[PDB]
Amino acid sequence: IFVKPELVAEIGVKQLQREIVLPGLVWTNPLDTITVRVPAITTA
Amino acid sequence: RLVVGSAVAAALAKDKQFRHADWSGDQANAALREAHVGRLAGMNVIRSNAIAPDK
Amino acid sequence: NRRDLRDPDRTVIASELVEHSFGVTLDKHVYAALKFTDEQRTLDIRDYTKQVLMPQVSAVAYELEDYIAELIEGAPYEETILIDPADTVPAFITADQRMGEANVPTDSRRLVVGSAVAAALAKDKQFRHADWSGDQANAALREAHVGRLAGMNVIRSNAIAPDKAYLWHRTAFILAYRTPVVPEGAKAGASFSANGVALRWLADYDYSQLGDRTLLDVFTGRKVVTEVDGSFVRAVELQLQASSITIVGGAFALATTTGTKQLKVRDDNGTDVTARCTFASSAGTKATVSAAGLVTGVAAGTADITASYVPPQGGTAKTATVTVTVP
Amino acid sequence: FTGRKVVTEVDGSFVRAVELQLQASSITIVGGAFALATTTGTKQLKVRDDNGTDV
């Protein structure tokens, strides 16, 4: 009986995760509150 | 921007319009080959798993 | 976590991480032994390398292939896909989207299919009709090769069941092989290697038994890579669901009034299902049938045997009745 | 700090975006017939919808 150490390794075993695709496809605005003006349309 | 889920992409691949090479019109026939719908209607197709696959 | 602004009630509420692990160990010792009974060895065996070493190497290689074979299906598979015999590419698309749902990487996805799966792919209209396939060469008609399908590579292997296909990521199964160390108190052997892995060939002279005994051995270990919650989502199994079965050969007499006949049953797809089929005799006194289908004639006359098979899709078991005329 | 907003119109309708939903024809429970686990066990039932997505 020979006492032996233990081995903990890591070879290409990655936990499955999501993919960042949705960010960058939306209108992002920097910065209390932000108000956006709506231009008017007249009639004839 | 058009984003489809896993179920929508699977249905698009399973669609006879894209699967059949004569009906698809592409001699490459990407549906039978490497799974990719490509350009659909007047825009591209974005595959995301974050949204619901059926929506 | 998501926090509401300008309303501190759930202050901080931090999180933590726990790193997981799994163990891989060697647990099988593949060995093949041959006693030579020297008095036979002096006259029987002619070429030691031809009729001894080569059969041992082949046996070890095929044993290793079988070891891979039962390990392939020896995993907690969730779904069977249930490929329709007529239309098959929707099943492959479903398997691909199932793999995509589990966020399995698309690159390095090995797919191995049986002979029946390849035959079903060849029989499929979407791969024969050039207008429905795209390629004007029409390899389905000029040859039997199918080619690339759903971004996967088709490899035929008869080790697995013919009506079964497996699509797994590269990091899905862990196989470890260890070459045994040649002892320092034995006759020197060799370093024969089969299919990459090296084996140990140890031969010793048994003076007590007046013989020569040789052993080809190698250590091996298997592991199935699964998630922390016990969800094996790194591979998918596709099954060719059947719709009808029939006993091969049609009507038959048997061999004689007191003979035996190993009955065989095949599905509509063309796969052997004898092992997983049950057999019943409505005239058991006239004709006796075994569990495996070995019908034995005990009394001359005419009888019937009904073979039942549970469908992979589930539901009622398909039954087929064949008459027998024992002479 | 992040803030969400949906850009609607003056009339009160969201015509700047559209959603597409797959149809459902029939639903089937996974595994067909099953026993359970034991006489005093539990089993998390799951049902398909003939399209692939979970419902």
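Chains as they are written, first to last, in this note's numbering: chain W, 1 to 44; chain B, 45 to 99; chain F, 100 to 426; chain R, 427 to 481.
The beta carbon of each residue, even a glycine, is placed where N, CA and C say it ideally should be.
Assign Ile112(F) to one of two classes, buried (16 or more other C-beta atoms within 10 Å of its C-beta) or exposed (fewer than that). On the third sequence, residue 112(F) is found 13 positions in, with the first residue counted as 1. By the neighbour-count rule (16 or more Cβ atoms within 10 Å), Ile112(F) is not buried but exposed.
Is the shortest distance between the beta-carbon of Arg91(B) and the beta-carbons of chain F less than 9 Å? The residue given as residue 91(B) occupies position 47 in the second sequence. Yes, contact with chain F.
Taking 9 Å as the CB-CB limit, is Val48(B) close to chain R? Your numbering for residue 48(B) matches position 4 in the second sequence. Yes, because at least one Cβ of chain R sits closer than 9 Å to the Cβ of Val48(B).
Collapsed DSSP secondary structure at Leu152(F) in the structure displayed: For this step, residue 152(F) is matched to residue 53 along the third sequence. In this structure, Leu152(F) counts as helix in the three-state DSSP scheme.
Skipping 5 residues on each side, what residues in its chain have a beta carbon closer than 6 Å to that of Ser207(F)? As a position in the third sequence, residue 207(F) is number 108, starting the count at 1. Around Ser207(F): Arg269.
Hey, is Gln71(B)'s beta-carbon within less than 9 Å of any beta-carbon in chain F? Taking the first residue of the second sequence as position 1, residue 71(B) is located at position 27. Closer than 9 Å: yes.
Quick check on this structure: which residue in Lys469(R), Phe427(R) and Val473(R) has the alpha carbon closest to the alpha carbon of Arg105(F)? Sequence index remark: in the third sequence, residue 105(F) carries index 6 (1-based). Among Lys469(R), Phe427(R) and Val473(R), the Cα nearest to that of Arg105(F) is on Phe427(R).
Residue(s) in a DSSP beta bridge with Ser380(F): Residue 380(F) sits at position 281 when you count from the first residue of the third sequence. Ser380(F) is bridged to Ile404(F).
Quick one: what's got a C-beta closer than 6 Å to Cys376(F)'s C-beta in the same chain, skipping five residues either side? Translated into positions along the third sequence, residue 376(F) becomes position 277. So the qualifying residues of the chain are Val364, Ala406 and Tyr408.
Closer than 9 Å to chain R by CB, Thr205(F): Taking the first residue of the third sequence as position 1, residue 205(F) is located at position 106. No, no contact with chain R.
Does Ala249(F) get closer than 9 Å to chain B when you measure Cβ to Cβ? Residue mapping note: residue 249(F) aligns to position 150 of the third sequence, counting from 1. Yes - at least one Cβ of chain B is within 9 Å of the one on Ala249(F).
Closer than 9 Å to chain W by CB, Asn100(F): Position 1 of the third sequence, counting from 1, holds the residue named residue 100(F). Answer no: the Cβ-Cβ gap between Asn100(F) and chain W never drops below 9 Å.
Please name the residue or residues paired with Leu353(F) in a DSSP beta bridge. Along the third sequence, read from residue 1 onward, the residue named residue 353(F) stands at position 254. Per DSSP, none; premise fails for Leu353(F).
Expected contact under 8 Å - CB spacing of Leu248(F) and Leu76(B) to nearest Å: Position 149 of the third sequence, counted from the first residue, corresponds to residue 248(F). Position 32 of the second sequence, counted from the first residue, corresponds to residue 76(B). That pair is a contact at about 7 Å.
Where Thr193(F) meets chain B, residues with beta-carbon distance less than 7 Å: Stepping through the third sequence from its first residue, residue 193(F) is reached at position 94. The answer, in chain order, is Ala54.
Please determine, among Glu118(F), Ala419(F), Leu314(F) and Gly392(F), the residue with the shortest C-alpha to C-alpha distance to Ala287(F). Counted from its first residue, the third sequence places residue 287(F) at position 188. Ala287(F) has its Cα closest to that of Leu314(F), out of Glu118(F), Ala419(F), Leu314(F) and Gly392(F).
According to DSSP, which residues form a beta bridge with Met251(F)? Position 152 of the third sequence, counted from the start, is the residue given in the question as residue 251(F). According to DSSP, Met251(F) bridges with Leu248(F).
Grab me the residues of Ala354(F)'s own chain with a C-beta within less than 7 Å of its C-beta, minus the 5 sequence neighbours each way, in chain order. Here residue 354(F) refers to the residue found at position 255 of the third sequence. Excluding residues within five positions, the ones whose Cβ falls inside 7 Å are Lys360.
DSSP on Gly199(F), reduced to helix/strand/coil? Residue 199(F) sits at position 100 when you count from the first residue of the third sequence. Of the three classes helix, strand and coil, the one that applies to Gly199(F) here is helix, per DSSP.
Considering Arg140(F), what are the terminal residues of the beta strand (DSSP E) in which it resides? Locating residue 140(F) in the third sequence gives position 41, where the first residue counts as 1. Careful: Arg140(F) lies outside any beta strand (DSSP E), inside the alpha helix (DSSP H) at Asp137 to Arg140.
For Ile182(F), list the residues DSSP reports as bridge partners. The count along the third sequence starts at 1 and reaches residue 182(F) at position 83. According to DSSP, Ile182(F) bridges with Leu339(F).
What beta strand (DSSP E) runs, 3 residues minimum, are completely inside the segment 277–339 of chain F? 299–305, 310–323 and 334–338
List the endpoints of the continuous beta strand (DSSP E) containing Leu56(B). The count along the second sequence starts at 1 and reaches residue 56(B) at position 12. Segment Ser50 to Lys58 is the alpha helix (DSSP H) holding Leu56(B); no beta strand (DSSP E) there.
So for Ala160(F), helix, strand or coil by DSSP? The sequence position of residue 160(F) within the third sequence is 61, counting from 1. Correct three-state label for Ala160(F): helix.
Reference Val151(F), options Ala391(F), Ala302(F), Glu177(F) and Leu339(F), closest by Cα: Start at 1 with the first residue of the third sequence, and residue 151(F) comes out as number 52. Nearest of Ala391(F), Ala302(F), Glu177(F) and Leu339(F) to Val151(F), Cα basis: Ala302(F).
Per DSSP, which one or two residues make a beta bridge with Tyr166(F)? Residue numbering aside, residue 166(F) sits at position 67 when the third sequence is read from its first letter. DSSP output for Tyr166(F) lists no bridge partner at all.
Rounding to the nearest angstrom, what Cα-Cα distance links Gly438(R) and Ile34(W) in this structure? Along the fourth sequence, one-based indexing puts residue 438(R) at 12. Along the first sequence, one-based indexing puts residue 34(W) at 34. The alpha-carbon atoms of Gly438(R) and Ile34(W) are separated by roughly 20 Å.
Around the C-beta of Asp366(F), are 16 or more other C-beta atoms found within 10 angstroms, so that it is buried, or is it exposed? Position 267 of the third sequence, counted from the first residue, corresponds to residue 366(F). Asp366(F) comes out buried.
Between which two residues does the beta strand (DSSP E) carrying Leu240(F) extend? The residue given as residue 240(F) occupies position 141 in the third sequence. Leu240(F) -> not in any beta strand (DSSP E); alpha helix (DSSP H) instead, spanning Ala238 to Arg241.
Could you tell me which chain C residues have their CB closer than 9 Å to the CB of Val436(R), listed as they occur along the chain? Of the protein chains in the structure, W, B, F and R, none is chain C.
Cross-chain neighbours of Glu6(W) in chain B, by beta carbon under 9 Å: Here residue 6(W) refers to the residue found at position 6 when the first sequence is read from its first residue. Those within 9 Å of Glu6(W) in chain B number zero; the least Cβ separation is about 37 Å.
Among the residues of its own chain, which have a CB less than 6 Å from the CB of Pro279(F), if the five just before and after it don't count? As a working mapping, residue 279(F) is identified with position 180 in the third sequence. If we look at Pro279(F) and ignore the five residues flanking it on each side, its Cβ neighbours are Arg299 and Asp316.
Against chain R, with Cβ distances strictly below 9 Å, would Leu337(F) count as a contact? As a position in the third sequence, residue 337(F) is number 238, starting the count at 1. No, because no Cβ of chain R sits closer than 9 Å to the Cβ of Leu337(F).
How should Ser290(F) be labelled, buried or exposed, when 16 other C-beta atoms within 10 angstroms of its C-beta is the threshold for buried? Translated into the one-based positions of the third sequence, residue 290(F) becomes position 191. Classification for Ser290(F): exposed.
Alpha carbons only, please: which of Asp165(F), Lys149(F), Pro184(F) and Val123(F) is nearest the one belonging to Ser343(F)? As a first step, residue 343(F) is located in the third sequence; it is residue number 244 there, counting from the start. The candidate whose alpha carbon is nearest that of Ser343(F) is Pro184(F).
Helix, strand or coil: which one does DSSP assign to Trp27(W)? Along the first sequence, read from residue 1 onward, the residue named residue 27(W) stands at position 27. Of the three classes helix, strand and coil, the one that applies to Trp27(W) here is coil, per DSSP.
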